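Trainee: Got a structure for you, written out below as structure tokens; questions coming shortly.
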Amino acid sequence: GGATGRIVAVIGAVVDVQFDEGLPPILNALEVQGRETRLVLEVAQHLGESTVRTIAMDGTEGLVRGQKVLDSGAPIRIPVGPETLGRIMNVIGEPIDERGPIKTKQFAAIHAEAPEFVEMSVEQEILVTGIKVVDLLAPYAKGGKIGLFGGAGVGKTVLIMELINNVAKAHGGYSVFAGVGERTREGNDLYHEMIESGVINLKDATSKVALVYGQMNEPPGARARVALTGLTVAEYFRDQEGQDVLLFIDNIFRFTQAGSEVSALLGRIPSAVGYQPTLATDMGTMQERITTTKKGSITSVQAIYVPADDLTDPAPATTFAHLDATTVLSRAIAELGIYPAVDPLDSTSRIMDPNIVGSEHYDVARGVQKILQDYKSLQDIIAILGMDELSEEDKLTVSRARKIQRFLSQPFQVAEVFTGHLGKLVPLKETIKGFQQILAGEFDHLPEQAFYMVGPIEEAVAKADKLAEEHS
Amino acid sequence: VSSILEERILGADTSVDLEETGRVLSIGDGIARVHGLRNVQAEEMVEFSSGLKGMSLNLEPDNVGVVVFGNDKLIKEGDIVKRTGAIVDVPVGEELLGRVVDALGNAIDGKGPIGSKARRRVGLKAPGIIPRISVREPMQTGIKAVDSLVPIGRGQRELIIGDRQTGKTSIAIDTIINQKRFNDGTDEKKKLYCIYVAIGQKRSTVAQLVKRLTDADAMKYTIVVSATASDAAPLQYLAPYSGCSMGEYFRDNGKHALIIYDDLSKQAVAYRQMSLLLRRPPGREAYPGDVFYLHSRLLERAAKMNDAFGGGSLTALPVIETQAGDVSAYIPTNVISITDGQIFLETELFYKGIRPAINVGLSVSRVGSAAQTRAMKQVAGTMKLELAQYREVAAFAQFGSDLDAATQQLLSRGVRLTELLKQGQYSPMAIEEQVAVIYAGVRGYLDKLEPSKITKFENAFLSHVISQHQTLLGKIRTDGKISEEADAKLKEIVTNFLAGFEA
Amino acid sequence: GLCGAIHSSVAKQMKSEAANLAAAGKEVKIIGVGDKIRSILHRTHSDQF
Ligand SMILES: Nc1ncnc2c1ncn2[C@@H]1O[C@H](COP(=O)(O)OP(=O)(O)O)[C@@H](O)[C@H]1O
Ligand SMILES: Nc1ncnc2c1ncn2[C@@H]1O[C@H](COP(=O)(O)OP(=O)(O)O)[C@@H](O)[C@H]1O
Ligand SMILES: [Mg+2]
């Protein structure tokens with residue numbers, strides 16, 4: 001069955017293992033023995049004779065040269081099934097919530113092929129997530145990949161927690177959260193939030209979300225294989241159960257960065273900015289497996305870090321290429337005080353089409369984007385000269401633009417600790433009606449301070465009336 | 001069942017023959033150093049024993065770097081690699097029409113096998129200065145902005161360069177959806193066989209693209225060739241050469257063909273992956289040296305053929321994205337340098353309001369008025385000169401430098417023609433309606449008419465002219481030139497419609 | 001111009017007196033100096049200047 005070979009060279013993940021009789025194929029799971037915890041290595045390149053270049057997933061400390069390694073002869077088989085809901089696991093398949101082992105029946109392998117072109121769903125139902133900036137300018141696709149770009153401290157995680165606490169209540173389909181390279185603090189808070197919110201249930205077999213965590217304390221081989229873990233769990237729940245799953249993968253730049261760290265150790269020539277040459281195709285296979293198919297639906301919201309706010313970096317650029325709804329959770333609009341600081345110009349969605357979202361939503365959205373682009377040109381002129389150089393047309397555009405730009409902001413339910421407001425769930429027709437009134441210009445007398453952290457437009461009218469009454 | 005039986009047992013010859021092989025060294029990441037093939041020829045399709053092709057590049061005295069066409073798990077160290085015996089080739093026919101074909105020849109769409117007849121080598125040499133003749137036919141796209149400022153020639157290459165998410169693939173699909181009315185017509189010279197090579201995209205975008213083309217009934221010009229993200233880097237590398245070879249088949253038979261190379265930068269980055277894995281030295285932005293030679297072969301496979309060589313044309317239009325609008329990057333400078341026509345989208349006009357978002361003066365078509373109809377040439381040259389005047393006077397009089405009657409005339413005509421050039425997605429119009437509407441815009445009759453009202457003017461004007469003026473548009477499109485009686489008739493109809501527009 | 005919020009305040013006061021003289025007054029035919037006053041009055045009282 002297995003083949004016993006010998007470690008002869010060790011760098012992190014990159015462990016050159018010598019096989020002389022039983023060399024295994026690429027993408028294999030072979031365990032190092034003599035260890036406290038099972039040290040699953042992953043066979044890649046055979047380089048010389050004997051030389052499987054494995055990537056090592058755990059504590060590399062203590063790997064003596066010439067050490068015996070048992071090759072199991074398969075890719076990384078992990079537990080899947082309905083026995084993994086409400087149960088944390090890490091990339092080997094091991095349960096790390098100390099409740100016991102997985103009592104499932106079948107294993108699914110971490111490494112698989114994408115669904116072919118022959119069977120692909122082409123239907124697009126609008127996912128309305130109760131957020132004004134999303135449902136107005138880049139509305140989500142129920143059955144398409146959704147991406148939350150942004151820098152450090154821009155509100156990606158808070159927006160994910162809004163997306164769980166808003167959409168995950170609706171889908172009866174089994175959700176899957178995959179944390180890759182993020183804070184273990186956030187995975188802990190999310191696990192206790194899923195316990196208290198009833199989304200998982202530690203006394204019954206009727207929990208709803210599975211959890212995979214490969215957090216940022218992990219060596220790079222581990223973090224390069226977490227998205228694959230949570231994705232083959234959610235790919236089981238798509239294929240052989242037929243459910244409408246959600247897949248919340250935070251933060252896919254950690255996957256790509258762990259790939260770059262391993263590849264810098266793997267002896268491949270460095271590509272552009274400092275990444276690997278296989279940035280397009282490794283992320284290509286991993287993103288093509290995240291797809292809605294005929295057999296079932298995936299709605300996959302994934303948070304995608306950008307390094308040093310560069311959208312021209314290769315990993316965010318190819319991730320813009322691999323998506324159906326982007327949302328550029330910028331930072332400068334949070335310097336202005338708007339939370340989430342979603343750049344809505346650079347955020348688009350594939351589903352915005354007048355033959356899909358209707359003519360009213362499309363006209364309101366494109367008018368909002370027009371007013372904000374005219375405001376960007378005019379804020380160049382304003383930043384140099386001032387607002388006393390503009391005409392009546394230009395000043396009405398600037399005033400309507402600041403009103404709209406404050407009205408895009410809303411308070412979320414999960415970020416009620418930072419702000420003071422409660423969680424506002426804005427329906428779709430109230431978003432269209434509010435932005436349509438502000439765009440048509442019926443509110444040329446309310447202050448712009450009355451549209452900040454508001455929600456529905458009647459709350460904006462009430463905030464202006466309460467502001468005038470407290471000034472009375 | 002029984003027919004399946006007999007085709008299985010008669011089709012495979014099982015004709016064993018002694019054959020050159022060689023064992024495999026390091027099978028790294030889709031690259032395989034193969035020791036032994038001392039008679040392999042450079043850039044040759046070779047075959048790994050698990051049933052999968054690879055392409056032999058980088059012939060060295062040690063070993064041959066074969067780069068695989070697909071997955072890497074299915075290859076070990078020490079297995080055979082059989083020479084197929086010929087350069088990698090693409091099966092081309094006219095029964096390949098309307099069928100999504102994976103990058104070599106393998107039709108992965110679930111509609112049976114391809115009924116090909118004419119195998120063709122994919123790395124062929126492009127025609128020389130004698131077999132080519134110049135652009136003559138007006139390659140129309142249905143976009144008002146393209147066909148009135150940067151017109152395409154049947155015989156030509158013309159970029160669609162922009163930044164991400166601007167409307168470039170949408171311009172390419174407007175170009176595709178226009179040519180239905182020329183396929184189902186009468187003249188063979190008008191008819192279209194196009195090849196949409198989608199490089200490095202995602203499979204659901206190609207699936208919804210095929211949905212839009214089938215719902216628009218596009219599947220007789222079209223040949224969609226998908227080398228998506230999950231495909232290997234040589235499938236993404238080799239896919240636009242395959243579409244070029246299919247276009248060369250149609251061209252050398254004498255049928256007017258085109259190829260849209262969607263996301264050609266993905267070919268550039270897949271070939272960067274291939275060179276850096278085959279250990280070639282990196283050049284600039286880690287792209288190697290011959291990326292310009294790559295795209296230069298790929299894009300100079302297209303110009304009009306001589307009248308003694310069938311008369312078939314090829315129109316190469318590759319789509320390329322920059323990052324942050326940086327035209328000075330390596331791949332945009334190379335691919336601007338090889339092409340001549342290029343359509344520039346800046347994106348700030350997409351968020352400002354014009355669709356399709358050609359931001360313009362950067363965009364140029366070197367074949368110019370030679371690739372227009374006679375009517376559009378008679379109308380839309382003064383439009384381009386007026387837009388140049390308008391852009392420069394608005395650029396220095398941003399603040400109101402000097403406003404005489406001439407400057408407000410320039411800004412009035414410029415803003416009104418700017419709202420002429422707006423056009424909705426997936427709605428291409430024919431050349432005669434374009435001549436009619438740019439006649440209504442440039443030759444007076446719209447200069448003092450409240451620029452927000454131009455779009456309803458467009459809708460009601462096209463409704464009017466399609467309502468009771470179909471034979472006159474037939475006269476315009478079949479006579480070529482817009483005649484003087486048709487000129488004064490268009491003057492009278494636009495005056496009557498100005499009355500009915502202020503009615 | 002190029003001098004701040006001068007003409008804004010002047011146009012505000014002028015049209016406020018014009019709206020106050022719209023009721024119970026009729027002949028609000030006006031005179032003005034400079035390009036900026038007629039340039040801020042091409043829209044609301046473009047008849048009455
Ligand atoms: N709706 C909101 N209201 C107020 N603050 C917010 C909101 N959304 C995000 N934030 C701010 O963003 C921060 C969270 O960003 P986070 O997504 O955790 O960073 P990262 O992107 O590194 O995970 C919080 O400190 C919070 O102050
Ligand atoms: N004429 C048009 N009218 C309205 N929208 C358009 C038009 N042309 C393009 N678009 C917009 O462009 C987007 C598609 O851009 P696309 O061509 O896919 O760019 P990329 O291929 O770089 O992603 C769509 O969301 C569509 O709304
Ligand atoms: Mg595209």
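Residue numbering restarts at 1 in every chain; chains get A, B, ... in the order shown in the structure tokens, and ligands count up from 1 in that same order.
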Dump as a Markdown table the rows for residues of region 23-48 of chain C within 10 Å of region 3-18 of chain C: closest atom pair and distance in Å with one decimal, only C-alpha atoms counted, ordered by chain and rising residue number.
Mentor:
```
| residue | atom | partner | partner_atom | distance |
| --- | --- | --- | --- | --- |
| C:23 | CA | C:18 | CA | 8.9 |
| C:25 | CA | C:18 | CA | 9.2 |
| C:26 | CA | C:18 | CA | 9.7 |
| C:28 | CA | C:18 | CA | 6.9 |
| C:29 | CA | C:18 | CA | 9.6 |
| C:30 | CA | C:18 | CA | 9.6 |
| C:36 | CA | C:7 | CA | 7.0 |
| C:37 | CA | C:7 | CA | 7.0 |
| C:38 | CA | C:11 | CA | 9.7 |
| C:39 | CA | C:7 | CA | 9.9 |
| C:40 | CA | C:11 | CA | 6.9 |
| C:41 | CA | C:11 | CA | 7.8 |
| C:44 | CA | C:15 | CA | 8.3 |
| C:45 | CA | C:15 | CA | 8.2 |
| C:48 | CA | C:18 | CA | 9.9 |
```
Trainee: Step by step, measure atom-to-atom distances between ligand 2 and each residue using only C-alpha atoms and all ligand atoms, keep those at most 9 Å, then write them as a PyMOL selection string.
Mentor: (chain A and resi 320-321+348-354) or (chain B and resi 143+162-174+205+262-263+319-321+350+354-357+422-427)
Trainee: Mind dumping the selected residues with N, CA and C atoms as a CSV table (one decimal), in the first residue's frame?
Mentor:
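Saved to part.csv:
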```
chain,number,residue,atom,x,y,z
A,320,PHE,N,-9.7,40.0,-9.9
A,320,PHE,CA,-10.7,40.8,-10.7
A,320,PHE,C,-11.1,40.0,-11.9
A,321,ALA,N,-10.2,39.3,-12.5
A,321,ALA,CA,-10.6,38.6,-13.7
A,321,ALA,C,-11.5,37.4,-13.4
A,348,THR,N,-18.3,46.7,-9.5
A,348,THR,CA,-19.3,46.4,-10.5
A,348,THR,C,-19.9,45.1,-10.2
A,349,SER,N,-20.9,44.7,-11.0
A,349,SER,CA,-21.5,43.4,-10.9
A,349,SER,C,-21.8,43.0,-12.3
A,350,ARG,N,-21.7,41.7,-12.6
A,350,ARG,CA,-22.1,41.2,-14.0
A,350,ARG,C,-23.6,41.3,-14.2
A,351,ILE,N,-24.4,41.3,-13.1
A,351,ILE,CA,-25.8,41.1,-13.2
A,351,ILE,C,-26.5,42.4,-13.5
A,352,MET,N,-25.8,43.6,-13.4
A,352,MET,CA,-26.5,44.8,-13.7
A,352,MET,C,-26.6,45.0,-15.2
A,353,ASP,N,-27.9,44.9,-15.7
A,353,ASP,CA,-28.3,44.8,-17.1
A,353,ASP,C,-29.7,45.1,-17.1
A,354,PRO,N,-30.2,46.0,-17.9
A,354,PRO,CA,-31.6,46.4,-17.9
A,354,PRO,C,-32.6,45.3,-18.3
B,143,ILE,N,-21.5,49.5,-33.7
B,143,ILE,CA,-21.3,50.7,-32.8
B,143,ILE,C,-21.1,51.9,-33.6
B,162,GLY,N,-8.1,48.8,-23.0
B,162,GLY,CA,-8.7,49.6,-22.0
B,162,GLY,C,-8.1,49.3,-20.6
B,163,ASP,N,-8.8,49.5,-19.6
B,163,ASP,CA,-8.6,48.9,-18.3
B,163,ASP,C,-9.7,47.9,-18.0
B,164,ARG,N,-9.6,47.2,-16.9
B,164,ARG,CA,-10.6,46.2,-16.6
B,164,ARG,C,-12.0,46.8,-16.4
B,165,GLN,N,-13.0,46.1,-16.8
B,165,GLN,CA,-14.4,46.4,-16.6
B,165,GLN,C,-14.8,47.7,-17.3
B,166,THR,N,-14.7,47.8,-18.6
B,166,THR,CA,-15.0,49.0,-19.3
B,166,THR,C,-15.9,48.8,-20.4
B,167,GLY,N,-16.0,47.6,-21.0
B,167,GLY,CA,-16.9,47.4,-22.1
B,167,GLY,C,-16.3,46.8,-23.3
B,168,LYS,N,-15.1,46.3,-23.2
B,168,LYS,CA,-14.3,45.8,-24.3
B,168,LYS,C,-14.8,44.5,-24.9
B,169,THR,N,-15.1,43.5,-24.0
B,169,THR,CA,-15.8,42.3,-24.4
B,169,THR,C,-17.1,42.6,-25.0
B,170,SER,N,-17.8,43.6,-24.4
B,170,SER,CA,-19.1,44.0,-24.9
B,170,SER,C,-19.0,44.7,-26.3
B,171,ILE,N,-17.9,45.4,-26.6
B,171,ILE,CA,-17.7,46.0,-27.9
B,171,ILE,C,-17.4,44.8,-28.9
B,172,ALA,N,-16.7,43.8,-28.4
B,172,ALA,CA,-16.4,42.6,-29.3
B,172,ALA,C,-17.7,41.9,-29.6
B,173,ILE,N,-18.7,41.8,-28.6
B,173,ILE,CA,-19.9,41.1,-28.9
B,173,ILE,C,-20.9,42.0,-29.6
B,174,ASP,N,-20.8,43.3,-29.5
B,174,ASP,CA,-21.5,44.2,-30.5
B,174,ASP,C,-21.1,43.9,-31.9
B,205,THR,N,-18.3,32.7,-17.7
B,205,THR,CA,-18.4,33.8,-18.6
B,205,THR,C,-18.5,33.4,-20.1
B,262,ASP,N,-10.0,37.5,-27.1
B,262,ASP,CA,-10.4,38.1,-25.8
B,262,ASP,C,-9.4,37.8,-24.7
B,263,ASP,N,-8.9,38.8,-24.1
B,263,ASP,CA,-8.0,38.8,-23.0
B,263,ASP,C,-6.6,38.1,-23.4
B,319,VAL,N,-8.3,41.9,-27.7
B,319,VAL,CA,-8.7,42.7,-26.5
B,319,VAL,C,-7.6,42.6,-25.5
B,320,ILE,N,-7.2,43.8,-25.0
B,320,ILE,CA,-6.1,43.9,-24.0
B,320,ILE,C,-6.5,44.9,-22.9
B,321,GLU,N,-6.3,44.4,-21.7
B,321,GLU,CA,-6.5,45.3,-20.5
B,321,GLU,C,-5.1,45.7,-20.0
B,350,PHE,N,-16.8,55.9,-18.9
B,350,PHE,CA,-17.9,54.9,-18.6
B,350,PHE,C,-18.6,55.3,-17.3
B,354,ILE,N,-21.1,58.0,-21.2
B,354,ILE,CA,-21.1,57.6,-22.5
B,354,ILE,C,-20.9,56.1,-22.6
B,355,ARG,N,-21.6,55.4,-23.4
B,355,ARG,CA,-21.5,54.0,-23.6
B,355,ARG,C,-21.7,53.7,-25.1
B,356,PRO,N,-20.7,52.9,-25.7
B,356,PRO,CA,-19.5,52.3,-25.2
B,356,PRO,C,-18.4,53.4,-24.9
B,357,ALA,N,-17.6,53.1,-23.9
B,357,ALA,CA,-16.8,54.2,-23.3
B,357,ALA,C,-15.5,54.3,-24.1
B,422,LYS,N,-23.5,57.9,-27.7
B,422,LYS,CA,-24.0,57.0,-26.7
B,422,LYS,C,-24.8,55.9,-27.4
B,423,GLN,N,-24.7,54.6,-26.9
B,423,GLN,CA,-25.4,53.5,-27.5
B,423,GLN,C,-25.5,52.4,-26.5
B,424,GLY,N,-26.7,51.8,-26.4
B,424,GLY,CA,-26.9,50.8,-25.4
B,424,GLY,C,-26.2,49.5,-25.7
B,425,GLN,N,-26.1,48.6,-24.7
B,425,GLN,CA,-25.4,47.3,-24.8
B,425,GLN,C,-26.2,46.4,-25.6
B,426,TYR,N,-25.5,45.6,-26.5
B,426,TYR,CA,-26.0,44.5,-27.3
B,426,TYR,C,-27.1,44.9,-28.3
B,427,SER,N,-27.0,46.2,-28.7
B,427,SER,CA,-27.9,46.7,-29.8
B,427,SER,C,-27.1,47.3,-30.9
```
Trainee: I need the chain A residues near chain C as a VMD selection string; criterion: at most 12 Å, counting only C-alpha atoms.
Mentor: chain A and resid 385 to 393 395
Trainee: Next, the residues of the selection above should be written as a PDB file, in the first residue's frame with C-alpha atoms.
Mentor:
```
ATOM      1  CA  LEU A 385      -9.677  76.535  -6.043  1.00  0.00           C
ATOM      2  CA  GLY A 386     -12.753  76.048  -3.878  1.00  0.00           C
ATOM      3  CA  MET A 387     -16.528  75.789  -4.225  1.00  0.00           C
ATOM      4  CA  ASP A 388     -16.843  79.479  -5.162  1.00  0.00           C
ATOM      5  CA  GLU A 389     -15.730  78.756  -8.741  1.00  0.00           C
ATOM      6  CA  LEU A 390     -18.641  76.506  -9.704  1.00  0.00           C
ATOM      7  CA  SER A 391     -21.856  77.366 -11.515  1.00  0.00           C
ATOM      8  CA  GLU A 392     -25.386  76.473 -10.418  1.00  0.00           C
ATOM      9  CA  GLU A 393     -25.308  73.210 -12.403  1.00  0.00           C
ATOM     10  CA  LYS A 395     -22.984  73.123  -7.348  1.00  0.00           C
TER      11      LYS A 395
END
```
Trainee: Give me, as a list in words, the set of residues whose atoms come within 6 Å of any atom of ligand 1, counting only C-alpha atoms and all ligand atoms.
Mentor: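 Residues satisfying the distance criterion: residues 152, 153, 154, 155, 156, 157, 158, 339, 340, 411, 412, 415, 418 and 419 of chain A.
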Trainee: Go ahead and save the residues from that selection, with C-alpha atoms, as an mmCIF file, in the first residue's frame.
Mentor:
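part25.cif written:
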```cif
data_model
loop_
_atom_site.group_PDB
_atom_site.id
_atom_site.type_symbol
_atom_site.label_atom_id
_atom_site.label_comp_id
_atom_site.auth_asym_id
_atom_site.auth_seq_id
_atom_site.Cartn_x
_atom_site.Cartn_y
_atom_site.Cartn_z
ATOM 1 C CA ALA A 152 -6.086 46.440 5.832
ATOM 2 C CA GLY A 153 -8.697 47.710 8.255
ATOM 3 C CA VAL A 154 -11.223 48.618 5.562
ATOM 4 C CA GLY A 155 -14.153 46.564 6.816
ATOM 5 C CA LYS A 156 -13.986 43.291 4.864
ATOM 6 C CA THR A 157 -14.611 41.090 7.900
ATOM 7 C CA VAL A 158 -17.460 43.299 9.147
ATOM 8 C CA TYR A 339 -18.416 52.880 6.385
ATOM 9 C CA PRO A 340 -18.025 50.409 4.549
ATOM 10 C CA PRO A 411 -25.066 51.084 9.973
ATOM 11 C CA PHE A 412 -24.714 47.345 10.098
ATOM 12 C CA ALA A 415 -20.783 46.912 13.696
ATOM 13 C CA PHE A 418 -18.238 50.992 16.852
ATOM 14 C CA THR A 419 -21.113 53.274 15.861
#
```
Trainee: Between B:84, B:50, B:322, B:14, single out the one closest to chain A, counting only C-alpha atoms.
Mentor: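 Going through B:84, B:50, B:322, B:14 one by one, the smallest distance to chain A is for B:322.
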Trainee: Could you list, as a list in words, every residue of chain B that has an atom within 12 Å of an atom of chain C, counting only C-alpha atoms?
Mentor: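 That gives residues 399, 400, 401 and 403 of chain B for chain B.
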Trainee: Need to verify the contact set: residue 111 (chain B), 10 Å, only C-alpha atoms, exclusion of same-chain residues closer than 5 positions in sequence. Can you return it as a PDB file with N, CA, C and O atoms, in the first residue's frame?
Mentor:
```pdb
ATOM      1  N   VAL A 118     -19.513  21.579 -20.405  1.00  0.00           N
ATOM      2  CA  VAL A 118     -20.704  20.891 -20.901  1.00  0.00           C
ATOM      3  C   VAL A 118     -21.911  21.194 -20.026  1.00  0.00           C
ATOM      4  O   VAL A 118     -23.029  21.382 -20.522  1.00  0.00           O
TER       5      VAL A 118
ATOM      6  N   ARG B  99     -19.857  25.822 -32.561  1.00  0.00           N
ATOM      7  CA  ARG B  99     -19.553  24.781 -31.590  1.00  0.00           C
ATOM      8  C   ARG B  99     -18.344  25.207 -30.777  1.00  0.00           C
ATOM      9  O   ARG B  99     -17.307  25.566 -31.344  1.00  0.00           O
ATOM     10  N   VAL B 100     -18.483  25.181 -29.453  1.00  0.00           N
ATOM     11  CA  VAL B 100     -17.398  25.571 -28.560  1.00  0.00           C
ATOM     12  C   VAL B 100     -16.321  24.500 -28.596  1.00  0.00           C
ATOM     13  O   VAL B 100     -16.572  23.334 -28.278  1.00  0.00           O
TER      14      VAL B 100
END
```
Trainee: Find the residues near residue 448 (chain A): any atom within 7 Å, counting only C-alpha atoms, skip ones fewer than 2 places away on the same chain, and give them as an MDAnalysis selection string.
Mentor: chainID A and resid 402:403 406 446 450:451
Trainee: Atoms to include: C-alpha atoms. Write the selected residues as a PDB file, in the first residue's frame.
Mentor:
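Output contents, as saved in out.pdb:
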```pdb
ATOM      1  CA  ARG A 402     -22.427  64.594  -1.256  1.00  0.00           C
ATOM      2  CA  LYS A 403     -26.017  63.720  -0.301  1.00  0.00           C
ATOM      3  CA  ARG A 406     -23.469  60.011   2.609  1.00  0.00           C
ATOM      4  CA  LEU A 446     -31.937  68.731   3.831  1.00  0.00           C
ATOM      5  CA  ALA A 450     -28.857  64.068   7.766  1.00  0.00           C
ATOM      6  CA  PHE A 451     -27.955  61.285   5.312  1.00  0.00           C
TER       7      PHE A 451
END
```
Trainee: Report as an MDAnalysis selection string all protein, DNA and RNA residues lying within 8 Å of residue 229 (chain A), evaluated on only C-alpha atoms, omitting residues in the same chain fewer than 5 positions from it.
Mentor: chainID A and resid 78 90:91 93 110 212
Trainee: Limited to C-alpha atoms, could you put the picked residues into a file as a PDB file, in the first residue's frame?
Mentor:
```pdb
ATOM      1  CA  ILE A  78     -10.675  14.489   4.244  1.00  0.00           C
ATOM      2  CA  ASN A  90      -8.241  21.752   9.440  1.00  0.00           C
ATOM      3  CA  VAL A  91      -6.609  20.900   6.150  1.00  0.00           C
ATOM      4  CA  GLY A  93      -9.236  16.626   7.834  1.00  0.00           C
ATOM      5  CA  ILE A 110      -8.309  17.425  -1.679  1.00  0.00           C
ATOM      6  CA  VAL A 212     -12.610  25.180   8.131  1.00  0.00           C
TER       7      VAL A 212
END
```
Trainee: Restrict the distance test to only C-alpha atoms, flag each residue of chain B within 6 Å of chain A, and return the flagged residues as a PyMOL selection string.
Mentor: chain B and resi 26-28+73+76+109-110+208+229-230+273+276+285-286+323+351-353
Trainee: Identify which of the residues B:12, B:139, B:393, B:198 lies closest to ligand 3, counting only C-alpha atoms and all ligand atoms when measuring atom-to-atom distances.
Mentor: B:198
Trainee: To one decimal place in Å, what is the distance between CA of residue 32 (chain A) and CA of residue 19 (chain A)?
Mentor: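 Separating CA of residue 32 (chain A) from CA of residue 19 (chain A) is a distance of 13.6 Å.
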